[PDB]
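*Asks:* Below: the sequence, then the experimentally determined structure.
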Amino acid sequence: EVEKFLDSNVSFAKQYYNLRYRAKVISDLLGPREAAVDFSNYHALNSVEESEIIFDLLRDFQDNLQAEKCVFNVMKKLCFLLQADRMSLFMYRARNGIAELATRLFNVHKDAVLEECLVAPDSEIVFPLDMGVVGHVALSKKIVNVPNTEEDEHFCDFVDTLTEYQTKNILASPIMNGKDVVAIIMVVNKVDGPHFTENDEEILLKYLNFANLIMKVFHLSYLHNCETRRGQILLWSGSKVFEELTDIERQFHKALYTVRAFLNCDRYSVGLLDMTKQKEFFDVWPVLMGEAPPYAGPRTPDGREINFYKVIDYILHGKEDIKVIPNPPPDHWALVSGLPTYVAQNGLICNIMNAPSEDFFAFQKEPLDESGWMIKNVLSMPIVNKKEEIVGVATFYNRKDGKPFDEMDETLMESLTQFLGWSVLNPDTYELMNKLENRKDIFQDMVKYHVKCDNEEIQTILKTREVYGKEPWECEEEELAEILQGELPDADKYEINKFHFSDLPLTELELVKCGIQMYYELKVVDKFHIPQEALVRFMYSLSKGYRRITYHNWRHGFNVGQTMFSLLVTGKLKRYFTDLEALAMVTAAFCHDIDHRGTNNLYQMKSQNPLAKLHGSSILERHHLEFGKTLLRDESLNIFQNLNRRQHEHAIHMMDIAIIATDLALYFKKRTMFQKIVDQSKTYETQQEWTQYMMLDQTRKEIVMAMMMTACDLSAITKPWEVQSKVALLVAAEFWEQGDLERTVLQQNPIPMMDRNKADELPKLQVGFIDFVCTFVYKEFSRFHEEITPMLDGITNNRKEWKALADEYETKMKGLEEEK
Amino acid sequence: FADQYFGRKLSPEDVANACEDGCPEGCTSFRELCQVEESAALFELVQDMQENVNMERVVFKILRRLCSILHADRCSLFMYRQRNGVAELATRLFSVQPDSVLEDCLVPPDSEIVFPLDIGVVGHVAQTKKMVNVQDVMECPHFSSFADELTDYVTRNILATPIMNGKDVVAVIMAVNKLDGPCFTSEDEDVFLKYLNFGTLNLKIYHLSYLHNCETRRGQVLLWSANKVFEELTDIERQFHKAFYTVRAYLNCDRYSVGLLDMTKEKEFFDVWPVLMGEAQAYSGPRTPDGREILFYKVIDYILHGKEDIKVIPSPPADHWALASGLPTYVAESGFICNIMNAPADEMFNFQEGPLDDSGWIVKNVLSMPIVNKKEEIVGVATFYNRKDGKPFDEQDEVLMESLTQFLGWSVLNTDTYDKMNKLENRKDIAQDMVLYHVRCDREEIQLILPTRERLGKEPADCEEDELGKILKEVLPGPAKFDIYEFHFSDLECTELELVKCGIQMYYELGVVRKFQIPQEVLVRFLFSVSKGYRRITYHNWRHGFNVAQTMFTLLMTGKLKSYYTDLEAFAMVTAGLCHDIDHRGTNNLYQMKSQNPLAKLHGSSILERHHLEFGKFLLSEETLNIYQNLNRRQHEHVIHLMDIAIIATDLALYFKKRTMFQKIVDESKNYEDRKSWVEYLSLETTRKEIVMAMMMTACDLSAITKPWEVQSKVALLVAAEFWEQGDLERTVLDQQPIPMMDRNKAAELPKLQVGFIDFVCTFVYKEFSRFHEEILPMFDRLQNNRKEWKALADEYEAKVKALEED
Amino acid sequence: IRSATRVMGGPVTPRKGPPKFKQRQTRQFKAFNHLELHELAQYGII
Amino acid sequence: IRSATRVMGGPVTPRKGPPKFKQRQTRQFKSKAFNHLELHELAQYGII
Ligand SMILES: Nc1nc2c(ncn2[C@@H]2O[C@@H]3COP(=O)(O)O[C@H]3[C@H]2O)c(=O)[nH]1
Ligand SMILES: Nc1nc2c(ncn2[C@@H]2O[C@@H]3COP(=O)(O)O[C@H]3[C@H]2O)c(=O)[nH]1
Ligand SMILES: [Mg+2]
Ligand SMILES: [Mg+2]
Ligand SMILES: [Zn+2]
Ligand SMILES: [Zn+2]
């Protein structure tokens, strides 16, 4: 029966009682049961109830933590274990770079309710760090005991008499979160002893472990929330500053208004200063004269007047209200206090904990709003635009919690005003772009006026002033045709529609009349109803657009235009091209080299000309493209006014094709894509109607356009010798001028043709150009159209007569060498 | 082996030895013996976690003795993390038993067994965030065996709960057996929920510290990026490289490369000829979602292990160590934040299995995200290739890098503005070059003033000053034939070509050409260029500007106003008054506000007076047209200041405000009886001389009212014609009602307007200067004469209208 | 394997299918002194 | 209301002195192709 000797002998029933009742021995302890430790007795010494009080300490680690009740319970128990009364938890905070130590639990003794042992932030004593044993513990970072406080160093009794207490003895020990102090627990007096014993220090340290890691949780949570909000403010402001590019005022307002929630503050306001540094010349004379006595008020560190021309304020404590007060009065509620102007004068991060106790600034003492709201906590800091000059002042008022701003809170918006000051680059760039674009427009208008046919010289061609009696822009369209018939040269007589045409006898103004006539011969003015006055003005202005340089002057442009006009009307190339396409080609050829400086693209690359830095490739061609359309874009000078939208979008699109394609570099790269088209033209046997397929196909037409631009620009070879020789001399002179310009400006040796002392080699370097650059387009067209056969005869004859001089120089050189 | 009877044996026996078990400390019974040992063990555990948080080492000890209380065979912690939107439960601590060391149960990062959201009870608990107890694991519908076949283990009784920090589950711990019991008697469930309650306190501490560190890193990287974005306006490549290099110790990565996408949207007209010309087969590869072509033209890669070795690839090949994986070209295909668990064990992307360099570098974790520029346009792909910690990318790193790339993508407005500003500056330079060419006088037209190809054989530039002056001494007019030394210098007699020569001659009268050693050719060319600068409008043309210059020269020379100013300060005036109306379009200042002209936007006040200054300074800025080249820096700055006080001061609006000071100065001139000492007094004061000079600036442009009535009538007719032209141009472009002097049909009431103008604007500069100097009385006398003539005409018209009223 | 718990190389998951990538966040962020100033206004000035 | 500290209104400091304000921090950031037989043929002329 009772002979269960295995249970009787030691160390067996233990390992069965565990297995069975260990969970229920543990389950009830961690439940809600109150501690079974008697507190009435004082010197308990905690034989086995030491474990019972430890379980109670571990009983509040459940996931419902506020870091106030648990620490308060720990201190209640420690007042009994330590055999001392009136503990106090001195919190740790820092403002303005100097630390403080504010009480959070005061006069804590055993058998006390939490309601009467918790101090609100409104009324909390705040000792400094550099005096008192509180500061000594905070600096030394170790437990200290100072019996008989009246005979020890650095003891302050400010609160001894305030709370009518004695504090015979003191024992304090800090709690730290990784080398960083978070709070300090204090013990005053010993209930039944002379002073704290050595073992009391060990008791406090051993029982302080639970309270050491429970405050760490709350501290880490608060730090994490602050870091999250700081991350949010820097990311919600980038979006609103990068939506567009506007002035400083609206950008700052947007960035500040979008991040209102993260800045948990009842109110804040930002004031902007006038950025002008130097007064105007006429605003300085009165001060020197004697009138308008000079300024003697506060000034910024960099030497500017402190004038707030706009103070934006944001109100959130009651009803949301964002308003702007331009030119705010000096007695504005945000400006009554001297803090903003003082920050402007100095530029420090000012932090004020109390307005009622403020002396230097003397903040308001009456509730501003209808409902009770009085300014208590203020934080103001400046904004500098990367060169330590203040742009404005931002002031943040009472927090939504109630505690004064601390370092973790100061660094929140201290990194926001840094962002605002850095963002000034966009407001600055906003004004520079506007000013620069206005200057560009002004100078473009100047040049546009300079190249334009005014009313004085328009009568030179179209004279309605005396034969009719009124200025041209009032005459009727039918009434305006007669005056041109008796003035425009006849096409048949003047030889303006045949390949062999020389403009040397014709006057400078005569070519303008020929160009005006050439539009009528295509029967394109009448059908498109383009005004004749505008056409005459545009044709005359084209002459002024061209420069007075040696070769690429207005005469060359007219020659290219006439070459195109001949290729269309006498070459029977009009079959593939629509009438509107002829309207586009003739005008594109007339201004293909408008406003030519006189130097090729290589000099643009070499000299870093502003043209080169804007156009990636074919600099001169694109420049002439963007300048010939500017003259054609304005009224009273445009010839596309009476064209509907699709025809207008077609005509302009092919001006890009023609004008750009005149480049020689662009010609050589895609030279062999036209020979295939030519071969395709000779395979449609049994008829001459290869045109019909051309008409639809288009891309073939565009390539032909780009190929007859190159066949007109370099058309000087095709003219008879009596003109080709002179044109060759002129172009050689232009190349020599370019070489002279390049030698001195850039300090380099040019290619042989641009060297003056290689003039005698002109024929031999000209036959090479004729054989390499030329005599391919003019052979492909000749084999592709039989109607333009005379152009190749004029190339063959010209090369034949060039070889004469090319061999005369060779014989001269051979004879001179034989002399040696 | 008893069953239930021995319930009053264990505790009531109260260990009747006082020393049983070997050593007590004041215990009463068995119930009071387990309590003290448990309290001591838990206190030791708490002391272990006091500082330098060691999550694994202490959770292992917590689980070691938690298994025994539950009789569980094994206990295992299952960490929780999130990737690309889907949660994942990794295997940190596995198979914890009471007789195991820490290293036997810890699972390294390269040995995890991760489970998805739903697969198994481990994921069902995470979805539910509650306890689950399964008596037999075959019955429950959802249960995985992937942790069964690898382990060679069989499970039949589970017990799991998740560790929650508020609403975010942190981990899940699950006992996997019951041993001496079939169905986990519920008495164990409560203690498992409670004994593990204070073990949760440490998991949340670790999680909170990790989140705090991650968010601090995010804040630091964002702040540094904002710092170096706003340093200056630079192109995309340099800005991105700076912002990426500046923050590399915070990303905690080993390698990461940034690829840039070519932004050529629409091909140019000749680019696409061959494609439909029977050659140059069109592109067929992947495309950016917005419709562009994927083409990485510049890839910058950063290496942070061993050495920085920062290098840039100007045209990466297809076999690049970063683009060969095929992931960078997939993020461009569609905007996704790609995250990879095990790069070697992947099929979609061909990550190299072997190393890359002698150091033995193998990629394990990759994270690539695009750079959108606020227009939903992909600009680049940034790829990060590993973590220094060695753990695979979590959600916090994803958020950090997404924030960085989002900020950088937003920071493309700066580069766009840089490009736009460069283009605008180049266009302005081109326009300025055009204007300079069209204003400057060419070589072939400078021979009208000084013919050097006829007298000599040399070009004007290739001559000496001594030889250049010989031509001028003959061609230039004398001081008497054109009487530029008179207050009644008629202008219409001379042609516009003679006015340039007159200006050069009066430049010679001052004795300034040889005093500052300016070159004669540049002076002549500058005069011709400034003559060409004026427009051809009715009144404000070269004639009016030269008339102002001549009137002011007469004031200086024959008015004895030169005594106060030195020769240098007279050089800067005759030049400033000669170009003060240089680019006038006819419309006055008030018109620029109403027409919204670009002049009004550029200049706040004195729209047109402040604009002639910039053009005048531009003309004399370039060499071969600059007559201030030889002046030193101090003299040049003084001349600039004098001109900028002069040209602007000609405005009438500034005249009205600032007349009282001149009246005071003239009054103060009367207490000095010796006028030879007032010269000494006024020759030193700066502001007084500035006021007097600004006053004579507007006392001469308002001239032509002090000239003989024959000239005055024609000048008034020209001025009225210009005003009528402006008014006619104002009722059509602006569609308003012009003021009475701008009505062309109001021409009859001209004389009364003239007398009103004389007695209000004039007769103050012409009275104070008459009182200041008696030398300049004739202009005032002629002004009064013209006023009386115009009053006579006004009275004649008044009589005419009266007759119309009382005929 | 003995060292680890029967797993080497990289981590292993009981999932077979097409990987799903993040869809990216696109919604979280989105008068000068005068007796009577107008006496001179009848002329060009103001 | 006991008030614990026995003080009301605002926080009370033992010492009184002229406000001292933090200086701005700037010690971290502001620490300051042709297809050819041969290409030189074009180079002889103005092309390329
Ligand atoms: N009433 C009260 N005063 C305390 C308590 N703890 C500290 N103090 C006071 O706060 C003071 C802080 O440092 P003092 O010189 O060191 O002396 C201390 C005491 O006057 C407490 O629990 N109750
Ligand atoms: N502690 C422990 N858990 C295991 C072991 N083998 C499997 N498990 C867990 O038991 C779970 C049963 O299904 P679960 O979702 O499928 O995923 C399994 C793992 O979490 C083991 O050896 N020890
Ligand atoms: Mg050309
Ligand atoms: Mg003017
Ligand atoms: Zn040409
Ligand atoms: Zn003028």
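*Replies:* Nice, I can see it. Numbers count the residues shown, from 1 in each chain, chains lettered A, B, ... in the order given. Ligands and ions are numbered 1, 2, ... in the order given.
*Asks:* ok, residue A:333 - contacts?
*Replies:* For residue A:333, the contact set (Cβ atoms under 8 Å, 6 or more residues apart in numbering or on different chains) comprises A:364, A:368. No exception for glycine: its C-beta is placed from N, CA and C like everyone else's.
*Asks:* any idea how far it is from residue A:390?
*Replies:* Separation of residue A:333 from residue A:390 (Cβ to Cβ, to the nearest Å): 22 Å.
*Asks:* host element of the residue of chain B found nearest chain D?
*Replies:* Nearest residue of chain B to chain D (Cβ to the nearest Cβ) works out as residue B:227 at 5.3 Å. Per DSSP states H and E, residue B:227 falls inside helix B:200-229.
*Asks:* so what does that helix touch, helix or strand wise?
*Replies:* With contacts defined as 3 or more Cβ pairs under 8 Å, 6 or more residues apart in numbering or on different chains; DSSP states H and E, helix B:200-229 has these neighbours: helix A:215-241, helix A:407-422, helix B:55-70, strand B:158-165, strand B:168-175, helix B:236-246, helix B:395-410.
*Asks:* if we can go back for a sec, so the residue of chain B closest to chain D sits against residue A:421, correct?
*Replies:* No - using Cβ atoms under 8 Å, residue B:227 makes no contact with residue A:421, being 10.7 Å away.
*Asks:* quick one: the strands in the stretch 351-500 of chain B?
*Replies:* B:367-372, B:378-384 (DSSP state E, counting those that start in this stretch).
*Asks:* out of those, nearest to ligand 5?
*Replies:* strand B:378-384 (40.2 Å; Cβ to the ion).
*Asks:* Nearest residue to the middle of chain A?
*Replies:* residue A:426 (6.3 Å; Cα atoms, centre = their mean).
*Asks:* Which phi and psi values does residue A:267 adopt?
*Replies:* Phi and psi for residue A:267, reported as degrees, to the nearest 10, are phi -150, psi 160.
*Asks:* Please work out which of the strands of the stretch 351-500 of chain B is packed deepest.
*Replies:* Stretch with highest mean neighbour count among those: strand B:367-372 (a mean of 25; mean count of other Cβ atoms under 10 Å in any protein chain shown).
*Asks:* Now residue 22: phi and psi?
*Replies:* Going with chain A. phi -70, psi -30.
*Asks:* other chain: chain C
*Replies:* According to degrees, to the nearest 10, residue C:22 has phi -70, psi 140.
*Asks:* Pretty sure it sits against residue B:334.
*Replies:* No - between residue C:22 and residue B:334 there is no contact, the gap being 11.4 Å when judged by Cβ under 8 Å.
*Asks:* Please say which of those two ends up with more neighbours.
*Replies:* A direct count of neighbours by other Cβ atoms under 10 Å in any protein chain shown for residue C:22 and residue B:334 places residue C:22 higher, at 18 against 15.
*Asks:* check contacts around the more buried one.
*Replies:* By Cβ under 8 Å, 6+ apart, the contact set of residue C:22 is B:84, B:85, B:336, B:337, B:339, B:398.
*Asks:* ok, now with 6 Å
*Replies:* By Cβ atoms under 6 Å, 6 or more residues apart in numbering or on different chains, residue C:22 lies in contact with B:84, B:85, B:337.
*Asks:* how many neighbours does residue B:282 have?
*Replies:* 8.
*Asks:* That one reaches residue B:275, doesn't it?
*Replies:* Yes - the criterion here is Cβ atoms under 6 Å, and residue B:282 meets it with residue B:275 at 4.7 Å.
*Asks:* Can you classify the most centrally placed residue in chain C by secondary structure?
*Replies:* Nearest to the geometric centre of chain C sits residue C:29, at 5.4 Å (Cα atoms, centre = their mean). Following DSSP: H, G, I helix; E, B strand; the rest coil, the label given to residue C:29 is coil.
*Asks:* try residue A:311
*Replies:* strand.
*Asks:* and it, how far is that from residue B:399?
*Replies:* Residue A:311 is 37 Å from residue B:399, where distance means Cβ to Cβ.
*Asks:* These two: which is more packed in?
*Replies:* It is residue A:311, of residue A:311 and residue B:399, that has more neighbours when counted by other Cβ under 10 Å, with 24 against 16.
*Asks:* what's near enough to touch the more buried one?
*Replies:* Counted by Cβ under 6 Å, 6+ apart, residue A:311 has contacts A:269, A:271, A:325, A:328, A:334.
*Asks:* Please enumerate the strands of the stretch 201-350 of chain B.
*Replies:* Under DSSP E, counting those that start in this stretch, the stretch 201-350 of chain B gives strands at B:255-261, B:296-303, B:311-313, B:338-339.
*Asks:* okay if I get the ones you listed as JSON lines plus distance to ligand 5 and mean neighbour count?
*Replies:* Shown next, in JSON lines, are these (distance: least, Cβ to the ion, whole Å; neighbours: other Cβ atoms under 10 Å in any protein chain shown):
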{"stretch": "strand B:255-261", "distance to ligand 5": "38", "mean neighbour count": "23"}
{"stretch": "strand B:296-303", "distance to ligand 5": "34", "mean neighbour count": "20"}
{"stretch": "strand B:311-313", "distance to ligand 5": "41", "mean neighbour count": "13"}
{"stretch": "strand B:338-339", "distance to ligand 5": "54", "mean neighbour count": "22"}
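*Asks:* right, so of those strands, which gets closest to chain A?
*Replies:* strand B:296-303 (14.6 Å).
*Asks:* Convert that closest one to PDB, retaining C-alpha atoms only.
*Replies:* What follows is strand B:296-303, C-alpha atoms only, in PDB (Å, rounded to 0.1, in the frame of the first residue of the first chain):
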ATOM      1  CA  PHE B 296      21.200  50.800 -73.400                       C
ATOM      2  CA  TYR B 297      23.800  53.300 -74.600                       C
ATOM      3  CA  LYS B 298      25.600  53.800 -71.300                       C
ATOM      4  CA  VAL B 299      26.000  51.500 -68.300                       C
ATOM      5  CA  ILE B 300      27.700  52.600 -65.100                       C
ATOM      6  CA  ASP B 301      28.500  49.800 -62.700                       C
ATOM      7  CA  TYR B 302      29.700  50.100 -59.100                       C
ATOM      8  CA  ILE B 303      31.700  47.400 -57.300                       C
END
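*Asks:* partners of it in the sheet?
*Replies:* Counting by DSSP bridges, the strands paired with strand B:296-303 are strand B:255-261 (antiparallel), strand B:311-313 (antiparallel).
*Asks:* between the helix holding residue B:227 and helix B:395-410, what angle do the directions make?
*Replies:* 20 degrees (axes from the mean of the first three to the mean of the last three Cα atoms, to 10 degrees).
*Asks:* could you list every residue that touches the residue of chain C found nearest ligand 5?
*Replies:* With Cβ to the ion as the measure, residue C:44 is the residue of chain C nearest to ligand 5, at 48.3 Å. If you count contacts by Cβ under 6 Å, 6+ apart, residue C:44 has them with residue B:588.
*Asks:* got it, and residue A:642?
*Replies:* If a contact means Cβ under 6 Å, 6+ apart, then residue A:642 has A:529, A:530 as its contacts.
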